[PDB]
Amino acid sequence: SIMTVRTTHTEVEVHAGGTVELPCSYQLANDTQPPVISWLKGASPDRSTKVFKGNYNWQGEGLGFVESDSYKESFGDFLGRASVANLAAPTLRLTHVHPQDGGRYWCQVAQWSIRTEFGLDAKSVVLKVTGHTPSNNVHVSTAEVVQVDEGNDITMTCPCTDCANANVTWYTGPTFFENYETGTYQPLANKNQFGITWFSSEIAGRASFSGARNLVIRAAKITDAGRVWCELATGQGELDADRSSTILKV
């Protein structure tokens, strides 16, 4: 059962006072338990504030989910203004938009009682409030799934836009032994704008960067399988960072 989240728009603009919709869709196979939909605002899923959370309620074998039997809640500054009309295609609607609503929003969908990095995915969408939010913010969009035969090497790419001179950090996971909501992302590799690189003990000695972003892993191990993330950051602000995941098969 692998979770994959997709977004049709990288950025959506809206005049202050108006209403906006941030598209989101997901795919989850081999699992009939209702996943938890989470919309989070921030630089990354693990460093954000809650906007909305929801999930269908298991009906029964063969019984599909019913929008009416579900948990849906908006939080904090978004309470009463944020909603998701269809949890199966969790696009977010935010009404009465304020300048402060501008920023980076994450659509995260995770299996119920998530216990594997394979059951969670997330992608971000920039909410631009006409006349207040800067445009042309970093955007990352990686392959959903790639595979490499044991013993072989693979080059994982990190396609992007408005990513010139960005710091690059790859992660694995997230894992859920300390945090169940978003999990914790484990650093895998890093390359700063000074040409200095770092690699986790799991791959140090058989990995390197190819170009400015791509991570090359040599002599693939079965324990290498899992989800990896490529994050590009051009600053400390939430609009200054983005990340996307890829499932690495064997």
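One-based numbering along the sequence shown.
Note on 28 to 36 vs 47 to 55: mean CA B-factor is higher in 28 to 36. Higher mean CA B-factor, judged across 9 to 17 and 237 to 245 from the recorded values: 9 to 17. The residue among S74, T169, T161, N86 whose C-alpha atom has the highest B-factor in the PDB entry is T161. Looking only at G151, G173, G102, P90, the residue with the top Cα B factor in the deposited structure is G151.
Remark: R115 belongs to the highest third of its chain, ranked by C-alpha B-factor as recorded. Sort the modelled residues of the chain by CA B factor and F177 lands in the highest third. The entry lists a Cα temperature factor for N137 that places it in the middle third of the chain's modelled residues. When the CA B factors of the chain's modelled residues are split into thirds, the value for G42 lands in the lowest one. In this PDB entry, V126 carries a Cα temperature factor that places it within the lowest third of its chain's modelled residues.
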